[PDB]
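What follows is one chain in structure tokens, specifically the form deposited in one PDB entry.
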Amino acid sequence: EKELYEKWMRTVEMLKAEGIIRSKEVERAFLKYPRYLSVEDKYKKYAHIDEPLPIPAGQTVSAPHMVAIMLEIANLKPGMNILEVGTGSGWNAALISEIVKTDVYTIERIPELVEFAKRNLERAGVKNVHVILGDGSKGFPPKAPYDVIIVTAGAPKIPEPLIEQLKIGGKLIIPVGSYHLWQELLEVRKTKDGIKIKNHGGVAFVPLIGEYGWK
């Protein structure tokens, strides 16, 4: 337990040593919410390994380095208004909430995982993460617009609702590819001069299933 945390500190140290965690905000978030808080008991022994792990309903919690990479691209600041698409275990939303110090909205399409994530967040003492059941390829209009939208399921294209719900100046981080399971990680900046995309290399996420995702 203390032992699980000691193994996690080694993971965080490694991620910093390797240049993956590059900011004190992401380091501190990782140290506050170790991944073992977000997985079922049988997987806690591997939560410190930099690999994806199963969660219920056939989904996965992402590998620690991928979560770190996406948080560092997001360049999160206190008071930002963030939407996560694909809550899963709730781990990434917990981390986002530790950096932004305010309400975080996260949407999940599978009821079993809405419940799993809510239980994990509560047990960990988190209050500012708000998990919503629904189709996050439609975003979440009630709290739009957002500073950053972080999508943790792969889409066939950039969903227009997620561009419409970004503040000008904001960014969308999303895996896109013509395979359901194999994508390119895109950073989509809605800038005053138009959409600017930085392609951040190959990734493997579960599919984004919904009206503006995969059927």
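From 1 onward, residues are counted along the sequence shown. Shifts are known only where both forms have a C-alpha. In this text, the rigid core denotes the largest set of C-alpha atoms whose superposition between the two forms falls within 1.5 Å.
Keep in mind that the form deposited with a partner chain bound is not shown, yet the notes after this line are about it.
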Can you confirm whether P54, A63 and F205, the three residues that make up this candidate site, all sit within 4.5 Å of the partner chain in the bound PDB entry, judged by heavy atoms? yes
Contact between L181 and the partner chain in the bound PDB entry at 4.5 Å, heavy atoms? yes
For the chain shown here without its partner, which stretch in 186-194, 54-62, 142-150, 163-171 has non-hydrogen atoms within 4.5 angstroms of the partner chain in the bound PDB entry? 54-62
Rigid core superposition, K192 Cα moves 2 angstroms or more between the shown form and the other one: yes
Core-referenced shifts between the shown form and the other one - contiguous stretches of at least three, CA at least 2 Å: 191-194
